[PDB]
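Engineer: Pasting in a structure now, in structure tokens, and then I'll have a few things to ask.
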Amino acid sequence: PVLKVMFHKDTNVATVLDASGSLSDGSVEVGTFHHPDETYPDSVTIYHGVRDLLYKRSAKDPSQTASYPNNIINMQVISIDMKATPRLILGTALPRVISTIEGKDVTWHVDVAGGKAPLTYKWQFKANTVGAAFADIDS
Amino acid sequence: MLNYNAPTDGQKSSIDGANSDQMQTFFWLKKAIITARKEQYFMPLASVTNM
Amino acid sequence: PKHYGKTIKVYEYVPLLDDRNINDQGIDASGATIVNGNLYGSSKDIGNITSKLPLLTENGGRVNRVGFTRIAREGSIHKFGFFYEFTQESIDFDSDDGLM
């Protein structure tokens with residue numbers, strides 16, 4: 001998902017919030033980024049994206065851009081405030097292979113944490129024959 | 001800054017190109033898990049008769 | 001000792017993971033600021049522990065922060081006493097000696 005970052009000069013508080021959301025505190029819009037990175041999903045968190053976005057902007061006025069000696073590169077004073085929905089993670093994963101014999105019951109359980117409630121689950125089944133595609137199980 | 005990513009699960013490290021991949025991505029202990037033989041109870045009871 | 005009043009005080013240091021350790025130094029794994037400094041209190045919930053575990057990527061900057069707290073005690077002292085009095089005739093003319 002795309003996240004939107006706003007920066008307040010006086011209090012040095014950076015707000016991370018959804019694309020549709022907005023803030024009327026008096027902050028300015030610095031940029032946007034994808035929280036789950038497309039190429040490196042489990043490599044970088046929100047902090048790295050916020051730092052990379054803030055590297056571009058100017059120290060005097062966060063509205064405009066500046067070169068190296070004049071950016072906002074001191075992250076010790078800057079505080080990150082999170083307002084966006086937490087990312088969706090898979091706490092429990094299905095076993096990769098299940099072996100059984102004919103005439104026995106089998107059970108699959110999955111647990112998902114995070115996201116915005118409520119959550120909806122849909123199950124799909126693909127036949128073993130050649131040229132088969134996923135089809136919904138009749139609920 | 002994981003330019004290593006995870007070669008397993010389909011992710012590619014940054015140094016490796018789109019075509020190539022890491023030669024070795026796991027460690028093999030070479031020590032196998034085996035189960036013991038089932039024990040027998042009725043066999044010691046029998047008394048043998050020569051044919 | 002003398003010249004120090006009537007009170008004795010001492011410090012007690014709280015461990016990192018108790019509920020009594022309250023502060024504002026916390027930073028959660030995502031890098032955002034969080035209300036509580038300690039990773040988790042005296043909570044044994046698996047869900048809470050899983051949510052608040054300290055995890056690291058390759059580059060870990062400003063990811064997990066903690067804080068500490070201390071407590072103080074005190075005590076004081078008091079004074080007691082009592083007395084009695086007598087005369088000389090009560091001692092000289094009494095039936096038995098050794099009353100004192």
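Just remember, in the structure tokens the first chain shown is A, the second B, etc., residues are 1-based per chain, and ligands are 1-based in the order shown.
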Hey, list the chain B side of the contact with chain C: 10 Å cut-off, only C-alpha atoms, answer as an MDAnalysis selection string.

Structural biologist: chainID B and resid 1:5

Engineer: Using the selection just defined, write its residues with N, CA and C atoms as an mmCIF file, in the first residue's frame.

Structural biologist:
data_model
loop_
_atom_site.group_PDB
_atom_site.id
_atom_site.type_symbol
_atom_site.label_atom_id
_atom_site.label_comp_id
_atom_site.auth_asym_id
_atom_site.auth_seq_id
_atom_site.Cartn_x
_atom_site.Cartn_y
_atom_site.Cartn_z
ATOM 1 N N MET B 1 18.498 -2.959 4.706
ATOM 2 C CA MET B 1 19.404 -2.809 3.577
ATOM 3 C C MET B 1 19.735 -4.234 3.112
ATOM 4 N N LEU B 2 18.761 -5.133 3.233
ATOM 5 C CA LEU B 2 18.950 -6.521 2.833
ATOM 6 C C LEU B 2 18.969 -6.578 1.315
ATOM 7 N N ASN B 3 20.123 -6.259 0.736
ATOM 8 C CA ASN B 3 20.341 -6.576 -0.667
ATOM 9 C C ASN B 3 20.650 -8.059 -0.830
ATOM 10 N N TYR B 4 20.715 -8.790 0.287
ATOM 11 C CA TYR B 4 20.754 -10.246 0.223
ATOM 12 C C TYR B 4 19.364 -10.824 -0.020
ATOM 13 N N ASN B 5 18.325 -10.147 0.469
ATOM 14 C CA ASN B 5 16.926 -10.587 0.330
ATOM 15 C C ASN B 5 16.813 -11.982 0.940
#

Engineer: Extract, using only C-alpha atoms, all DNA, RNA and protein residues at most 12 Å from region 23-35 of chain B, discarding same-chain residues fewer than 3 positions from it, and format them as a PyMOL selection string.

Structural biologist: chain B and resi 4-10+12-13+16+20+38

Engineer: Based on the selection just made, write N, CA, C and O atoms of those residues as a compact mmCIF listing (two decimals), in the first residue's frame.

Structural biologist:
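Saved as result24.txt:
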# COMPACT_ATOMS: atom_id res chain seq x y z
N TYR B 4 20.72 -8.79 0.29
CA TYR B 4 20.75 -10.25 0.22
C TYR B 4 19.36 -10.82 -0.02
O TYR B 4 19.23 -11.88 -0.65
N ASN B 5 18.32 -10.15 0.47
CA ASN B 5 16.93 -10.59 0.33
C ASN B 5 16.81 -11.98 0.94
O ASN B 5 17.34 -12.21 2.04
N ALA B 6 16.13 -12.92 0.29
CA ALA B 6 16.11 -14.32 0.69
C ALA B 6 16.11 -15.13 -0.60
O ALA B 6 15.10 -15.11 -1.33
N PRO B 7 17.21 -15.79 -0.96
CA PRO B 7 17.22 -16.56 -2.21
C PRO B 7 16.11 -17.60 -2.27
O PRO B 7 15.50 -17.79 -3.33
N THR B 8 15.84 -18.28 -1.17
CA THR B 8 14.66 -19.12 -1.09
C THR B 8 13.42 -18.24 -0.93
O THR B 8 13.50 -17.09 -0.50
N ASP B 9 12.27 -18.80 -1.31
CA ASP B 9 10.96 -18.14 -1.35
C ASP B 9 10.84 -17.19 -2.54
O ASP B 9 9.91 -16.38 -2.59
N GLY B 10 11.77 -17.26 -3.50
CA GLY B 10 11.63 -16.54 -4.75
C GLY B 10 12.26 -15.17 -4.81
O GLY B 10 12.31 -14.59 -5.90
N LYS B 12 15.31 -12.41 -4.87
CA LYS B 12 16.62 -12.39 -5.50
C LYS B 12 17.53 -11.44 -4.74
O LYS B 12 17.12 -10.33 -4.38
N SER B 13 18.77 -11.86 -4.49
CA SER B 13 19.77 -10.96 -3.95
C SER B 13 20.17 -9.93 -5.00
O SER B 13 20.03 -10.16 -6.20
N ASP B 16 23.16 -10.87 -7.44
CA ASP B 16 22.79 -11.86 -8.44
C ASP B 16 21.87 -11.26 -9.49
O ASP B 16 20.94 -10.51 -9.18
N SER B 20 20.82 -15.74 -13.10
CA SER B 20 21.55 -16.60 -12.19
C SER B 20 20.91 -16.61 -10.80
O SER B 20 19.95 -15.89 -10.53
N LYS B 38 10.23 -52.82 15.15
CA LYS B 38 9.18 -53.21 16.08
C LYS B 38 9.59 -54.47 16.84
O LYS B 38 10.22 -55.37 16.28

Engineer: Give me, as an mmCIF file with N, CA, C and O atoms, in the first residue's frame, the residues of chain A touching chain C, with the criterion being at most 9 Å (counting only C-alpha atoms).

Structural biologist:
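Written file, part-v1.cif:
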data_model
loop_
_atom_site.group_PDB
_atom_site.id
_atom_site.type_symbol
_atom_site.label_atom_id
_atom_site.label_comp_id
_atom_site.auth_asym_id
_atom_site.auth_seq_id
_atom_site.Cartn_x
_atom_site.Cartn_y
_atom_site.Cartn_z
ATOM 1 N N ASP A 42 11.002 -7.616 3.168
ATOM 2 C CA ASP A 42 11.417 -7.751 4.557
ATOM 3 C C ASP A 42 12.773 -7.122 4.839
ATOM 4 O O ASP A 42 13.468 -7.575 5.754
ATOM 5 N N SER A 43 13.166 -6.100 4.079
ATOM 6 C CA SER A 43 14.497 -5.530 4.241
ATOM 7 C C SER A 43 14.449 -4.172 4.928
ATOM 8 O O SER A 43 15.327 -3.849 5.735
ATOM 9 N N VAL A 44 13.444 -3.359 4.616
ATOM 10 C CA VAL A 44 13.364 -1.984 5.090
ATOM 11 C C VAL A 44 12.016 -1.770 5.763
ATOM 12 O O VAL A 44 10.996 -2.298 5.308
ATOM 13 N N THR A 45 12.022 -1.017 6.860
ATOM 14 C CA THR A 45 10.823 -0.654 7.594
ATOM 15 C C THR A 45 10.441 0.795 7.297
ATOM 16 O O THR A 45 10.980 1.433 6.389
ATOM 17 N N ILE A 46 9.482 1.316 8.064
ATOM 18 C CA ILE A 46 8.981 2.671 7.844
ATOM 19 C C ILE A 46 10.083 3.700 8.064
ATOM 20 O O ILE A 46 10.137 4.731 7.379
ATOM 21 N N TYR A 47 10.977 3.439 9.019
ATOM 22 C CA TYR A 47 12.013 4.410 9.353
ATOM 23 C C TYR A 47 12.909 4.710 8.158
ATOM 24 O O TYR A 47 13.236 5.874 7.895
ATOM 25 N N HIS A 48 13.312 3.677 7.417
ATOM 26 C CA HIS A 48 14.188 3.893 6.271
ATOM 27 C C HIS A 48 13.489 4.696 5.182
ATOM 28 O O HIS A 48 14.091 5.590 4.578
ATOM 29 N N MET A 75 18.134 12.405 12.396
ATOM 30 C CA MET A 75 16.932 11.666 12.754
ATOM 31 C C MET A 75 16.792 11.441 14.251
ATOM 32 O O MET A 75 15.821 10.808 14.675
ATOM 33 N N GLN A 76 17.732 11.934 15.058
ATOM 34 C CA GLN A 76 17.625 11.753 16.500
ATOM 35 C C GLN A 76 16.529 12.633 17.090
ATOM 36 O O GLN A 76 15.840 12.230 18.033
ATOM 37 N N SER A 79 10.673 12.701 15.476
ATOM 38 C CA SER A 79 9.816 11.654 16.014
ATOM 39 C C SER A 79 8.817 11.237 14.947
ATOM 40 O O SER A 79 8.218 12.092 14.288
ATOM 41 N N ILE A 80 8.638 9.931 14.780
ATOM 42 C CA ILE A 80 7.728 9.383 13.782
ATOM 43 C C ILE A 80 6.432 8.988 14.469
ATOM 44 O O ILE A 80 6.437 8.184 15.409
ATOM 45 N N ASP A 81 5.322 9.550 14.001
ATOM 46 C CA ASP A 81 3.997 9.249 14.523
ATOM 47 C C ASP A 81 3.219 8.471 13.473
ATOM 48 O O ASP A 81 3.082 8.927 12.334
ATOM 49 N N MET A 82 2.708 7.306 13.857
ATOM 50 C CA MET A 82 2.053 6.398 12.926
ATOM 51 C C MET A 82 0.541 6.494 13.091
ATOM 52 O O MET A 82 0.017 6.287 14.190
ATOM 53 N N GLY A 91 0.817 -14.650 10.799
ATOM 54 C CA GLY A 91 1.351 -15.252 12.010
ATOM 55 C C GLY A 91 1.530 -16.753 11.893
ATOM 56 O O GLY A 91 2.561 -17.296 12.300
ATOM 57 N N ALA A 113 -2.655 -11.602 11.512
ATOM 58 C CA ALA A 113 -2.631 -10.500 12.458
ATOM 59 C C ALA A 113 -2.443 -9.189 11.707
ATOM 60 O O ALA A 113 -1.896 -9.154 10.603
#

Engineer: Kindly give the distance, in Å, that separates CA of residue 125 (chain A) and CA of residue 11 (chain B), rounded to a single decimal.

Structural biologist: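 It comes out at 25.4 Å.
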
Engineer: When you count only C-alpha atoms, which of these residues is closest to chain B: A:134, A:37, A:62, A:119?

Structural biologist: A:37

Engineer: Find the distance between CA of residue 46 (chain C) and CA of residue 69 (chain C) and write it in Å to one decimal.

Structural biologist: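 If I compute the distance from CA of residue 46 (chain C) to CA of residue 69 (chain C), I get 25.4 Å.
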
Engineer: Write down as a PDB file with C-alpha atoms, in the first residue's frame the residues of region 39-105 of chain A whose backbone DSSP state falls under strand (DSSP E).

Structural biologist:
ATOM      1  CA  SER A  79       9.816  11.654  16.014  1.00  0.00           C
ATOM      2  CA  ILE A  80       7.728   9.383  13.782  1.00  0.00           C
ATOM      3  CA  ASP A  81       3.997   9.249  14.523  1.00  0.00           C
ATOM      4  CA  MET A  82       2.053   6.398  12.926  1.00  0.00           C
ATOM      5  CA  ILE A  89       1.320 -10.234   8.438  1.00  0.00           C
ATOM      6  CA  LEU A  90       0.891 -14.019   8.453  1.00  0.00           C
ATOM      7  CA  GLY A  91       1.351 -15.252  12.010  1.00  0.00           C
ATOM      8  CA  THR A  92       0.578 -18.887  11.159  1.00  0.00           C
TER       9      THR A  92
END

Engineer: Run DSSP on the backbone and grab whatever in region 6-57 of chain C lands in alpha helix (DSSP H); send it over as a PyMOL selection string.

Structural biologist: chain C and resi 46-51

Engineer: Of the residues A:129, A:85, A:107, A:65, which is the one nearest to residue 16 (chain A), using only C-alpha atoms?

Structural biologist: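 For residue 16 (chain A), the nearest of the candidates is A:85.
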
Engineer: What does the structure give for the distance between CA of residue 74 (chain C) and CA of residue 11 (chain C), in Å to one decimal?

Structural biologist: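 Taking CA of residue 74 (chain C) as the start and CA of residue 11 (chain C) as the end point, the length is 9.3 Å.
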